[PDB]
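To keep things clear, I will list the structure first and then write my remarks on it.
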Amino acid sequence: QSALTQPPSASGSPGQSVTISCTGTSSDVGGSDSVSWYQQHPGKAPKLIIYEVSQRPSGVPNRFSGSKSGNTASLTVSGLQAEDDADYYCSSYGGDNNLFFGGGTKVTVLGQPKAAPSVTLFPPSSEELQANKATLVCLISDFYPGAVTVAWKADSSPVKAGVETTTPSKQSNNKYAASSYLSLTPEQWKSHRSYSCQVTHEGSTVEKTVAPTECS
Amino acid sequence: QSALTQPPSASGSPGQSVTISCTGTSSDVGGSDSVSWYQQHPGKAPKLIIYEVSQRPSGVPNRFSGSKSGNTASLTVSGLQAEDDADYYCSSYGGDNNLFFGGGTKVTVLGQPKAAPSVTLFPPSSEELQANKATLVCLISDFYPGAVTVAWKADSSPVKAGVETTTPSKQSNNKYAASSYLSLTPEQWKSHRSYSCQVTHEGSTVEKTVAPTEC
Ligand SMILES: CC(=O)c1ccn(S(=O)(=O)c2ccccc2)c1
């Protein structure tokens, strides 16, 4: 994980407000007035937009404001404009391990209607199992905005290793698709009660589960 | 407001060294030892590789070394590996709570090894078939460089409708992955002897075939 917790994505339409949060502990976010926020347009240098929870550097419009309540800092962007479409990171001093960062929130300025993802979960194919592979694929299509977070479970347990998710890409219908794949051994696949794919889009999570069958 | 100065690009072959510079002013880079370097893979959070000019955080290999002379910080990456191919940003605090960032250097690791796609074709899931859907997925992973073409067959005949292929994306092994998905009805899927996914990469084609289940 990242050391501070940010929600992976947030969205608004032009001229609306968005608040994104940054959660730590009493020793980092809640121990001082040291929260910073940074804005990054993809493939461009990031920029500091807030320091000391609330302070705007020269040239940052007052549409951006920062606040904090105990262990959670918040950035509010009022009057969303096209240029506000970017990734936002927070940071806190932690005293003991110096500077701690969140994992970034992708903020989308809605360019089209919101669309919830179609999630399909494929158990291992016969051919790959005869090749000693039990890779599962979680197909995620037809969503907007193009920001999705994928988690896998082995039974109820988070599974960390063997997960890859493709960078969502705009398809012919102008909505996004991605696939997540989990590279299991046939042993792992057959020996568990189930595997699940959990897909989070626009602050809402969808889950699909598959289990081994006698046949294919 | 002003960026720190980085060259837009640099490069090295595997095992070689690259050195990249970050030029500020006497009031930022030249004014204290608060220079940081970050590594960023496109579409991912950055990783801190150096803080306070020279210091590697936990888990950053000793291949990454940071120095400063006057107003210019330098990062040297030695024994270059595919994973080092990335954008590198420098930062420096100045006066008045200012934080300055470089424009970023894209470091290319030259001559990365060609890799043929692993192709896995999945017939419709039980769940989607119960929901009156028969989408097939052709998973395409572990290929390099990141350009593939995908054609589908229904029995031996070209499929001209219903195909989406995602734009290849670099995964954590530094090789490309994509999925092709064919949106069939349960009727289309069951009315054919098989469906085939043909993946073309660097003039070479891999074909996989699936058929309605007998279970
Ligand atoms: C984990 C870590 O150290 C992080 C996370 C965000 N940032 S940054 O906002 O200074 C940034 C630096 C370089 C490129 C993009 C953003 C640093």
Side-chain angles (χ1 to χ4, degrees), chain A residues 2 36 38 40 42-48 51-52 55 57-59 87 89 97-99 101-104 118 120-128 131 133 135-142 163-173 176-179 181 183 208-210 213-216, chain B residues 1 3-4 6 36 38 40 42-46 48 51-52 57-58 87 89 91 96-104 106 118 120-128 131 133 135-137 139 141 163-173 176-179 181 183 208-210 213-215:
Chain A
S2 65
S36 290
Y38 317 77
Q40 189 183 26
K44 311 280 283 133
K47 172 197 174 175
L48 178 76
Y51 60 95
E52 290 174 347
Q55 308 297 284
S58 300
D87 294 313
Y89 298 95
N97 259 17
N98 308 269
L99 208 55
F101 285 91
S118 172
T120 313
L121 180 51
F122 301 81
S125 82
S126 194
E127 175 169 0
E128 73 167 333
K133 284 175 226 192
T135 295
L136 310 184
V137 302
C138 190
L139 177 70
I140 317 166
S141 75
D142 302 312
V163 175
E164 297 285 348
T165 305
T166 62
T167 302
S169 59
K170 205 174 65 196
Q171 300 303 135
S172 80
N173 67 353
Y176 285 83
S179 43
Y181 58 98
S183 295
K208 294 303 183 173
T209 300
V210 289
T213 63
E214 288 144 294
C215 198
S216 299
Chain B
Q1 185 68 240
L4 308 179
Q6 295 183 257
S36 299
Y38 314 84
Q40 192 176 30
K44 288 298 187 257
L48 178 73
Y51 66 86
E52 289 171 51
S58 301
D87 294 302
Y89 292 96
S91 76
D96 294 327
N97 301 282
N98 294 325
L99 179 55
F100 300 87
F101 285 99
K106 168 42 156 82
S118 295
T120 317
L121 183 61
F122 302 81
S125 74
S126 289
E127 168 158 359
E128 73 171 331
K133 282 181 193 179
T135 306
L136 282 44
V137 60
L139 179 67
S141 70
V163 172
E164 296 300 342
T165 307
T166 62
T167 301
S169 74
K170 211 191 273 193
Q171 303 307 132
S172 76
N173 65 357
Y176 289 82
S179 287
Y181 62 97
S183 290
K208 306 297 189 161
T209 299
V210 290
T213 79
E214 318 183 73
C215 302

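What you see below is based on every heavy atom in this structure, not just the backbone, and it leaves out hydrogens, waters and symmetry mates. All chains are named by letter (A, B, ...) in the order of the sequence lines, taking the proteins before the strands, and each is independently numbered beginning at 1.
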Can you tell me which portion of [X] sits under 4.5 Å from chain A's heavy atoms? Options are side chain, backbone, both or neither.
{"X": "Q6(B)", "result": "neither"}
{"X": "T165(B)", "result": "backbone"}
{"X": "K106(B)", "result": "neither"}
{"X": "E164(B)", "result": "both"}

**Study point:** Heavy-atom pair with the smallest gap, counting every atom of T166(B) and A177(A)
**Key:** CG2-O, 3.8 Å
Practice item. For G102(B) and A45(A), work out which heavy atoms get closest and say how close. Key: O-CB, 3.0 Å
So which part of [X] gets closer than 4.5 Å to some heavy atom of chain B, the side chain, the backbone, both or neither?
{"X": "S172(A)", "value": "both"}
{"X": "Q55(A)", "value": "neither"}
{"X": "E214(A)", "value": "neither"}
{"X": "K208(A)", "value": "side chain"}

Counting heavy-atom pairs under 4.5 Å to chain B, which of [options] comes out on top?
{"options": "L48(A), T213(A), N98(A), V137(A)", "value": "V137(A)"}
{"options": "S58(A), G43(A), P46(A)", "value": "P46(A)"}
{"options": "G103(A), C215(A), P42(A)", "value": "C215(A)"}

**Study point:** Any donor-acceptor pair under 3.5 Å from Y89(A) side chain to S36(A) backbone
**Key:** no
Answer yes or no: is there a side-chain heavy-atom contact under 4.5 Å between [X] and [Y]?
{"X": "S179(A)", "Y": "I140(A)", "result": "no"}
{"X": "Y181(B)", "Y": "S141(A)", "result": "yes"}
{"X": "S118(A)", "Y": "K133(B)", "result": "yes"}
{"X": "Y176(B)", "Y": "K170(B)", "result": "yes"}
{"X": "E128(B)", "Y": "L121(A)", "result": "no"}

Point to revise | Top contributor to chain A contacts, counting heavy-atom pairs under 4.5 Å, from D87(B), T167(B), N97(B), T135(B) | key: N97(B)
Exercise for review: Just give me the residue among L139(B), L4(B), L99(B) that pairs up with chain A most often, heavy atom to heavy atom, under 4.5 Å.
Suggested key: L139(B)
Exercise for review: Can you label the angle between the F101(B) ring and the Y38(B) ring as parallel, tilted or perpendicular, going by 30° and 60°?
Suggested key: tilted
